[PDB]
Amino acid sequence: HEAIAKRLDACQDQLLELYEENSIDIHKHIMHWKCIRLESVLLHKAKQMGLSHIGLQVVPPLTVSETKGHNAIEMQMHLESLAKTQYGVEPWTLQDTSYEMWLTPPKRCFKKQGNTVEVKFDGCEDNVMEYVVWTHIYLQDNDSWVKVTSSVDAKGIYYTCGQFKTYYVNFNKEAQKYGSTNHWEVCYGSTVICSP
């Protein structure tokens, strides 16, 4: 290896290009994740050849490149799976398909159209937490996908699949962390509901 650096700068230049694109095409995002794998494959290689730097850039530990390459594969795979469905032609932003969002509740589900939910604990203006409720959640099933919606009640934020209600934000747990009483007020939209 020798052109490793010339190849890495071309990859990172490409990543910057993909970022700037600000595309809504799920397929560009899949290609973006493939390039993240390429970058980490090259940085991982560079660390093995003993290199410490590549044009001002610091070569990361093998464990870091291994971790990014792994996350990139997971993202790429789930996106391609979702891409084989009626949902894949919908608009998908770079943010909607990030690992960051993937790990945001509900974890390991895709989601879109987030809205704000405020919870005031005890009834003290300075005790207000903000949460997100997603209008569209895509749940995985083997290799098929299901589109569901969210709702809010005195107990928390949840999505409905059939007769099952799954909460991705528990208002009682939140209380034990930012409140002292088991009394709280919830506000989303023009709607308000208080804990009993």
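In case it trips you up, residue 1 is the first one in the sequence shown, and so on.
In this crystal structure, the stretch out of 47 to 55 and 23 to 31 whose C-alpha atoms carry the higher mean B factor is 47 to 55.
Two stretches are in play, 180 to 188 and 11 to 19, and the higher mean C-alpha B-factor belongs to 180 to 188.
Annotation for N127, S40, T166, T135: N127 ranks highest, by Cα B-factor.
The maximum CA B-factor among the listed residues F110, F121, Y99, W92, taken from the PDB record, is found at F121.
When the modelled residues of the chain are ordered by C-alpha B-factor, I36 sits in the lowest third. Among all modelled residues in its chain, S150 ranks in the lowest third by Cα B-factor. For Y159, the recorded CA B-factor ranks within the lowest third of the chain. Only modelled residues enter the ranking.
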